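Have a look at entry_18.cif; it's mmCIF, C-alpha atoms:
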```cif
data_query
loop_
_atom_site.group_PDB
_atom_site.id
_atom_site.type_symbol
_atom_site.label_atom_id
_atom_site.label_comp_id
_atom_site.auth_asym_id
_atom_site.auth_seq_id
_atom_site.Cartn_x
_atom_site.Cartn_y
_atom_site.Cartn_z
ATOM 1 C CA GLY E 1 24.473 99.992 -24.405
ATOM 2 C CA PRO E 2 21.544 99.062 -22.112
ATOM 3 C CA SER E 3 22.876 95.516 -21.960
ATOM 4 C CA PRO E 4 24.963 93.450 -19.475
ATOM 5 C CA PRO E 5 28.717 93.955 -20.088
ATOM 6 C CA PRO E 6 31.054 90.965 -20.785
ATOM 7 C CA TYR E 7 32.984 89.924 -17.662
ATOM 8 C CA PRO E 8 36.565 88.865 -18.615
ATOM 9 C CA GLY E 9 36.847 86.671 -15.537
ATOM 10 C CA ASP E 10 38.312 88.169 -12.375
ATOM 11 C CA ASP E 11 41.130 90.199 -13.915
ATOM 12 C CA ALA E 12 40.590 92.197 -17.083
ATOM 13 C CA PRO E 13 43.312 94.194 -18.888
ATOM 14 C CA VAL E 14 42.872 97.912 -18.274
ATOM 15 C CA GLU E 15 41.968 98.703 -21.906
ATOM 16 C CA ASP E 16 39.094 96.214 -21.928
ATOM 17 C CA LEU E 17 38.341 97.300 -18.370
ATOM 18 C CA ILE E 18 37.894 100.820 -19.748
ATOM 19 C CA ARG E 19 35.615 99.311 -22.400
ATOM 20 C CA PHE E 20 33.795 97.589 -19.539
ATOM 21 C CA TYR E 21 33.590 101.002 -17.878
ATOM 22 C CA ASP E 22 31.916 102.362 -21.018
ATOM 23 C CA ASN E 23 29.324 99.574 -21.144
ATOM 24 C CA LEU E 24 28.861 99.667 -17.372
ATOM 25 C CA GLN E 25 28.371 103.436 -17.077
ATOM 26 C CA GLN E 26 25.994 103.259 -20.028
ATOM 27 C CA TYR E 27 24.048 100.370 -18.481
ATOM 28 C CA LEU E 28 23.832 102.146 -15.122
ATOM 29 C CA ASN E 29 22.928 105.446 -16.798
ATOM 30 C CA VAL E 30 20.027 103.580 -18.398
ATOM 31 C CA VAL E 31 18.726 101.493 -15.485
ATOM 32 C CA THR E 32 19.392 104.250 -12.963
ATOM 33 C CA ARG E 33 19.170 107.697 -14.536
ATOM 34 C CA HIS E 34 21.318 109.590 -12.044
ATOM 35 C CA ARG E 35 24.801 111.072 -12.335
ATOM 36 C CA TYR E 36 27.530 109.229 -10.451
ATOM 37 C CA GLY I 1 40.370 102.275 -3.800
ATOM 38 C CA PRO I 2 43.375 101.218 -5.939
ATOM 39 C CA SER I 3 42.317 97.601 -5.527
ATOM 40 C CA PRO I 4 40.416 95.020 -7.647
ATOM 41 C CA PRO I 5 36.630 95.322 -7.095
ATOM 42 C CA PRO I 6 34.531 92.305 -5.929
ATOM 43 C CA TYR I 7 32.697 90.643 -8.836
ATOM 44 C CA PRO I 8 29.202 89.475 -7.706
ATOM 45 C CA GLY I 9 29.115 86.808 -10.398
ATOM 46 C CA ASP I 10 27.557 87.683 -13.748
ATOM 47 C CA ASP I 11 24.583 89.705 -12.526
ATOM 48 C CA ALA I 12 24.942 92.208 -9.715
ATOM 49 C CA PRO I 13 22.062 94.245 -8.229
ATOM 50 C CA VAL I 14 22.222 97.843 -9.412
ATOM 51 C CA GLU I 15 23.038 99.262 -5.957
ATOM 52 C CA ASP I 16 26.098 97.034 -5.559
ATOM 53 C CA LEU I 17 26.783 97.606 -9.252
ATOM 54 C CA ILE I 18 26.950 101.322 -8.445
ATOM 55 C CA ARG I 19 29.324 100.425 -5.604
ATOM 56 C CA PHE I 20 31.286 98.422 -8.174
ATOM 57 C CA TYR I 21 31.238 101.540 -10.349
ATOM 58 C CA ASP I 22 32.784 103.500 -7.467
ATOM 59 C CA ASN I 23 35.584 100.977 -6.925
ATOM 60 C CA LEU I 24 36.057 100.514 -10.668
ATOM 61 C CA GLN I 25 36.256 104.216 -11.554
ATOM 62 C CA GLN I 26 38.623 104.688 -8.627
ATOM 63 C CA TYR I 27 40.798 101.750 -9.715
ATOM 64 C CA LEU I 28 40.895 102.992 -13.312
ATOM 65 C CA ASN I 29 41.530 106.574 -12.177
ATOM 66 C CA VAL I 30 44.559 105.215 -10.321
ATOM 67 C CA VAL I 31 46.031 102.799 -12.880
ATOM 68 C CA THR I 32 45.172 105.072 -15.802
ATOM 69 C CA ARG I 33 45.116 108.731 -14.780
ATOM 70 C CA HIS I 34 42.844 110.034 -17.525
ATOM 71 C CA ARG I 35 39.253 111.268 -17.451
ATOM 72 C CA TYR I 36 36.686 108.950 -19.008
#
```

Go ahead and render the structure in this file as structure tokens.
Amino acid sequence: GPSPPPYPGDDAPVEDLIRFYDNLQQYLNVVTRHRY
Amino acid sequence: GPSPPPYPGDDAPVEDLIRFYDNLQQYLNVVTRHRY
């Protein structure tokens, strides 16, 4: 949600990287309400 | 592009986090060609 996403080091597996994408796009959509 | 994005530690400033979003969505769009 509007929280910092867990960083699985330097190389995350693409599934969890997609999960990271979810949390990241959500976080950014919150802190910066603009479409990217 | 289709390369691993630079991780600015655990907390990145939202501008560079948006840049990270660009590289990340590009990377994911390459490795996993599906809309998210």

Residues at most 10 Å from residue 30 in chain I, counting all atoms listed in the file, excluding those fewer than 5 positions away in the same chain, as an MDAnalysis selection string? chainID I and resid 1:3 24:25

Compute the chain E side of the contact with chain I at 10 Å, counting all atoms listed in the file, and hand it back as number ranges by chain. E: 4-7, 9-12, 14-15, 17-18, 20-22, 24-25, 27-28, 31-32, 36

Would you compute the distance between CA of residue 34 in chain I and CA of residue 8 in chain E? Give it in Å to one decimal. 22.1 Å

Generate a file for range 4-16 of chain E, containing C-alpha atoms, as an mmCIF file, in the first residue's frame.
```
data_model
loop_
_atom_site.group_PDB
_atom_site.id
_atom_site.type_symbol
_atom_site.label_atom_id
_atom_site.label_comp_id
_atom_site.auth_asym_id
_atom_site.auth_seq_id
_atom_site.Cartn_x
_atom_site.Cartn_y
_atom_site.Cartn_z
ATOM 1 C CA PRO E 4 7.970 1.140 1.587
ATOM 2 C CA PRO E 5 8.269 -2.133 -0.394
ATOM 3 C CA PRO E 6 10.611 -4.971 0.767
ATOM 4 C CA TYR E 7 13.900 -4.968 -1.167
ATOM 5 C CA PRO E 8 15.048 -8.588 -1.824
ATOM 6 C CA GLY E 9 18.669 -7.500 -2.097
ATOM 7 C CA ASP E 10 20.041 -6.621 -5.522
ATOM 8 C CA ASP E 11 18.395 -9.373 -7.560
ATOM 9 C CA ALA E 12 14.784 -10.340 -6.973
ATOM 10 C CA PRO E 13 12.964 -13.170 -8.800
ATOM 11 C CA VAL E 14 10.583 -11.768 -11.400
ATOM 12 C CA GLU E 15 7.432 -12.930 -9.567
ATOM 13 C CA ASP E 16 8.387 -11.098 -6.376
#
```
